[PDB]
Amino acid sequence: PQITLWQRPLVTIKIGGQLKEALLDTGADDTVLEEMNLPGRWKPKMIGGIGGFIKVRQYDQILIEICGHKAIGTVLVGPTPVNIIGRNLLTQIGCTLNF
């Protein structure tokens, strides 16, 4: 699809069999999702935001569907204002910016 930016580019994602709303975010290196249960082990990660740095849990090789496109990659879990799909997964779904 082609998504304009007059409103927030919110899409439906599927993860752990559950639908969530998430923001397609070209300014984010990494995908960060609100607190949830994910399988396997996690490792520590620091991410830097507008307000400063936060600790998040890093889960690798997670199955996630974004606007119907399947991806498998790193998902960070922590206190984010909204679920965000960052470049690590935007690249997997073949997303580009165009003007």
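Quick note: we count residues from 1 along the sequence shown, nothing fancier. In this text, rigid core is short for the largest set of C-alphas that superpose within 1.5 Å between two forms.
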item	value
Which of 69-77 and 50-58 strays further in 6 other deposited structures of this protein - Cα RMS after rigid core alignment	50-58
Of 68-76 and 42-50, the stretch whose C-alpha atoms average the higher B-factor in the entry	42-50
Entry-reported Cα temperature factor of residue 31, expressed as the chain third it lands in	lowest
Chain third (lowest, middle, highest) by recorded CA B-factor, residue given as residue 86	lowest
